[PDB]
Amino acid sequence: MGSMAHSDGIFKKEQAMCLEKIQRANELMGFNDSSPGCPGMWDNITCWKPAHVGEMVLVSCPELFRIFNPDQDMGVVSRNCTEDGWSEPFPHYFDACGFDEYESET
Amino acid sequence: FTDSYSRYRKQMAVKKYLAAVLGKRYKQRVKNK
């Protein structure tokens, strides 16, 4: 009752699988002192690669008409990345793309 | 630094897609929250 497993927000293995490669890109990076930014991040529906300063990444789900098998990168959410870090979701989240849904069509 | 491509994308993202995809598929879900 207090703690839920959240079967809806499980995003398959993509949660631990993507966050694992982002952790490697975190300490290894590739920006240095020229074009800084974020070291990577993982949200509630899509994977985010290390972005630069003032970058708005819009990542949509493969085939917006035939959303069946979810590989990676879903729900087009544009999150900016300034020098302070990551900004707020816009479009907002609240379950962006339907991948764990039943009959998503109609 | 893709602000040149995301410039016009802010027209069909938070404006259109917001209610389009987050309303067509979902109907009795939103159990994650």
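Cβ placement follows ideal geometry from the backbone for every residue including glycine, while neighbour counts extend to all protein chains displayed. No value in this document is a laboratory result; all are computed from the given coordinates.
The rows are residues; the columns are (1) farther than 28 Å from residue B:22 by Cβ; (2) of a type in the set (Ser, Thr, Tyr); (3) in contact with a strand residue (DSSP E or B) (Cβ under 8 Å, 6 or more places away or on another chain); (4) surrounded by 15 or more Cβ atoms within 10 Å (Cβ to Cβ).
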site: A:30; (1), (2), (3), (4): yes, no, no, no
site: A:34; (1), (2), (3), (4): yes, yes, no, no
site: A:40; (1), (2), (3), (4): no, no, yes, yes
site: A:53; (1), (2), (3), (4): yes, no, yes, yes
site: A:60; (1), (2), (3), (4): no, yes, no, yes
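Being surrounded by 13 or more Cβ atoms within 10 Å (Cβ to Cβ) and within 28 Å of residue A:8 (Cβ to Cβ) holds for only one residue in A:26, A:69, and it is A:26. For first residues located in region A:1-29 and under 21 Å from residue A:100 (Cβ atoms), partners that are among the charged types (D, E, K, R) and lie 6+ apart or on another chain with Cβ distances below 6 Å form the pairs A:8/A:100; A:8/B:31. Residues in region A:68-91 that are outside any strand (DSSP E or B) and facing chain B (nearest Cβ under 7 Å): A:76, A:90, A:91.
Among the residues of region A:1-22, are any within 21 Å of residue B:14 (Cα to Cα), assigned to a loop (DSSP other than H, G, I, E, B), over 17 Å from the mean Cα position of the chain (by Cα) and not basic (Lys, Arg)?
Step one: of region A:1-22, the residues within 21 Å of residue B:14 (Cα to Cα) are none.
No, region A:1-22 has no match at all.
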